[PDB]
Every structure is written in C-alpha cells, then in structure tokens.
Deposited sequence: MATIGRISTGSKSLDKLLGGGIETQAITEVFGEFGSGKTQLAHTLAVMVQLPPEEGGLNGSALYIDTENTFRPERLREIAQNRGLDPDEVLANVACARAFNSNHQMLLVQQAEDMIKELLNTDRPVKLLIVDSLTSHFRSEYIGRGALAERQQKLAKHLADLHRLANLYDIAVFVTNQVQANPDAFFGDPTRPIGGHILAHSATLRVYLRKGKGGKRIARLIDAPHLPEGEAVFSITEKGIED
C-alpha cells in the first residue's frame, strides 16, 4: 500500500509534516498539559473522513481514551465548521475508555477486530488515536522494580501499535504529557498560539472552532 497522509487542519503544521500524518506510521505528539495535543487528536478524527483532495482518506477513526478527554460535541463543532455533517462525523469515530494500562493494552487487540471488520469497505479504519498513551503506565508503575516493568510493558504496547499501523495501512496518532515513526513537540506560545517542532523549522497554529488552523 501507498503511504497516505491525513491533514492536521493547519497548513503550517502540514508543511512541517510533509503534508500531514502518515499511514503505516506512529506519530507521537508530546507536550505540557494544555498544549493542544487532544485538540489535534480531535481535529484529525474529523480530517481523516474527508476525501483526499480535501486532506482526508475517506476513512473512519478509532479513539482510545485513557483520561476521559473524548468530547463528541467537539467533533461536532469541528465538523460543522469544516462543512461536514456532524452526526455522520460522530458515526465514523468509535471511542473506548481505557480503565488502566493492562486494559489499554487489551483494547489494541479489540481495535484490530474493528479494523478487520471495516477493511476494504467504503470507510476503512485509517486512524487510531491513543490519547495520553503513557498516563496509566506512569501512575501505576511506582516502586523499586516497577520502572523496569513499566518499560517492558510500554515496549510491548508500542510494538502492537506498530504492527497495526503497517499491517492495516493506518495512521497511529499518540499523545504524551511530557519508538515512534515521528515525534512532534508541542508548546503554548504568545497570544494563544501553539508551536510545533519535529524532534530528531517550526509550525505555528491556533485552536479554533475549526479545531486547529493557521
């Protein structure tokens, strides 16, 4: 399969990314609490549904929510302001709440069953989001030998996500509060602006009724 790209909604962020986030890849966005990582996650869940001429892949999206950050009303607002039908945008985004890190790891196996079901239909899964991927791993693995166990567990989780990305031609997008194909550092700036830098030029964008934009 040819590498597809999903537009982030910001032309500036898209140019930094080579046209958007790639399928058969894991893109990780990291930053401090309140930098806009979840906003980007929400905008991509809408953008993936658009035709390629509009920056999408005619795809559906899976959203693994670890900290209760999924807002369907936000997807609706983003869809309405991008000239999409809000009810239809919601019907193409499936959300699952991860209750702890072990549950989060099992949800990746369940995502594979949903990907298989939709494979070769008119709306195949083209995006899998894991919001605050490390949140549960950081709060649960405190102690002596807990740190080596945290590392073994995340390594296995990340390898399961890499496997899905390549096998089913999906863009995996993960957020992390301070392994990936691409790492993007996100920070707040002056005048409510958000700044993105590739880790290993800078994009500048705003958080608006259109999700994220120039």
* Structure fact -> In deposited-sequence numbering, the unmodelled segments run 1, 180-201, 224-229
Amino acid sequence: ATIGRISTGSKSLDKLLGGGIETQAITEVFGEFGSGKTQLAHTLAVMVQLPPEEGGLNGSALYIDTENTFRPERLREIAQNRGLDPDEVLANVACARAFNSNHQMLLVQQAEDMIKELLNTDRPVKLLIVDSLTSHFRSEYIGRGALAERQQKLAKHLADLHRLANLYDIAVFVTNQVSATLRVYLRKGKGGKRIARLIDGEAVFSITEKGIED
From here on, numbers count along this sequence of modelled residues.
* For the C-alpha atoms alone, is the average B factor greater in 37-45 or in 141-149, going by the entry? -> 141-149
* Residue stretch of maximal mean CA temperature factor, 19-27 vs 191-199 -> 191-199
* Asked: Checking the entry, which one of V172, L158, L167, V178 has the top C-alpha B factor?
  -> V178
* Most elevated Cα B-factor in the entry, residues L84, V93, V130, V108 -> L84
* Against its chain's modelled residues, does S60's Cα B factor rank lowest, middle or highest third? -> lowest
* In terms of the chain's CA B-factor thirds, is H136 lowest, middle or highest? -> lowest
* Asked: If you rank every modelled residue in this chain by C-alpha B factor, which third holds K126: lowest, middle or highest?
  -> lowest
